[PDB]
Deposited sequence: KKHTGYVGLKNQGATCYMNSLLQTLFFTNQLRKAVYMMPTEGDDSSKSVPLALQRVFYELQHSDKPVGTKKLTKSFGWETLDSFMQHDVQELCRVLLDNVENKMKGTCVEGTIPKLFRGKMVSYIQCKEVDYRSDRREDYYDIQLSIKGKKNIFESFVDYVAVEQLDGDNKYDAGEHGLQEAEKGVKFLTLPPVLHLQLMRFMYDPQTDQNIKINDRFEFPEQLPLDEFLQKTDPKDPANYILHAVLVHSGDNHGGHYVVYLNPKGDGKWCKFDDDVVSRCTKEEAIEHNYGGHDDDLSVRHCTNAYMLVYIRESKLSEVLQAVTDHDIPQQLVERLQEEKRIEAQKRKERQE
């Protein structure tokens, strides 16, 4: 019906399935996972489990299982029934895979896809003291409360703040000092992972379901230190990881236009279904159910990142290993 297969819900693994489809259709990543040497102890290797799930979503015509992948985490069956945060998984799973790609033909793939660099400028206001900090990121936490849309939320992110009072800057020989702090992006990665801060702390964790609009095309040149007139930082919406429920618990699905062509499907665990743009974007603006994570791909790299993957990208040794496993 859709051309794409879903993933079985072991019980509470909606987070994993939605993340897995998200990474699965990051084609360039899947290409590199297939190329990882798992020639690796069965059902102990997260890479081997990731190749198995990726192979199966690419070949099966029935919903695919994730039992061996949770086994390779070290988990007992009970853990497949504890609900989790998709961005927390994403941080841990990509880190694990990144380290496991070191020393291989595909070292550096995850940072090439996902890693950018921030800069933070600090300027004392009553003394001549400036300082500098450049840090790599793999995702961006974007504030939501009081912000209408993603654009205002980048504007706020780059806005100057006063480091004053209990937050005075430790300016060295000048001791604590009032200062201004400002952040800018040095680079933006080809695949952009945005985490919307849909939470605030009655002493409880409360989900923010307020309306937050996000676009199909996102111009980000305004939030770079130096713009490249060659490769403008224009991004195309690829995925909407949607969370429904409260902070205690809920459900995850993800909407994706796999080819970046504007043709959208919805992935609710075992069921994939075509949907409209209106249903993937505007209906997830919030205002129970709303966008939590957004995946944008840089327009200049859409062709490469979403390059079509076929059976010539799966090594035969793995095809033998996976099939000769019964």
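Parts of the chain sequence, as deposited, that carry no C-alpha coordinates in this structure
According to the record, the gaps fall at 1-2, 42, 205-207, 294-302, 342-353.
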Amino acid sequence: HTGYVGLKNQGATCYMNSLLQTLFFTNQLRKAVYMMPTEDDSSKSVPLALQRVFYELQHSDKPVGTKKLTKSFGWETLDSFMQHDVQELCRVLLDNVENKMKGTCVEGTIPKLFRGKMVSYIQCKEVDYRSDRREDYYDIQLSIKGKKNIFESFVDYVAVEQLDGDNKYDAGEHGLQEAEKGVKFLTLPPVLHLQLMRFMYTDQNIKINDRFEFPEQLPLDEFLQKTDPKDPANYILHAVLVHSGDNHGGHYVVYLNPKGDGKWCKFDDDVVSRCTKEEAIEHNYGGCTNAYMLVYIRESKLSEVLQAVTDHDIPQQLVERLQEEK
From here on, numbers count along this sequence of modelled residues.
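Entry-level comparison of average CA B-factors, 76-84 and 174-182, reporting the higher stretch:
The entry gives the higher C-alpha B-factor average to 76-84.
Going by the mean C-alpha B-factor recorded in the entry, which is higher: 23-31 or 40-48?
Mean B over CA atoms: larger for 40-48.
I'd like to know which of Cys105, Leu188, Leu142, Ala239 has the highest C-alpha temperature factor in the PDB entry.
The C-alpha B-factor peaks, among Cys105, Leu188, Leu142, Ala239, at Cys105.
Taking the Cα B-factors listed in the entry, which of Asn234, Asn99, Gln162, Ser120 comes out highest?
That would be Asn99.
Using the B-factors in the PDB entry, rank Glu279's C-alpha atom against the chain and give the third, lowest, middle or highest.
Middle third.
Could you look up the Cα B-factor of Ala291 in the entry and say which third of the chain it sits in: lowest, middle or highest?
Answer is middle: the recorded C-alpha B-factor places it there.
According to the PDB entry, is the CA B factor of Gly250 in the bottom, middle or top third of its chain, that is, lowest, middle or highest?
CA B-factor rank for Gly250: middle third.
Can you work out whether the C-alpha temperature factor of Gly146 puts it in the lowest, middle or highest third of the chain?
For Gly146, whose C-alpha B-factor we compare with every modelled residue in the chain, the answer is the middle third.
Considering every modelled residue of the chain and its Cα B-factor in the PDB entry, is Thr227 in the lowest, middle or highest third?
For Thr227, the deposited C-alpha B-factor lands in the middle third.
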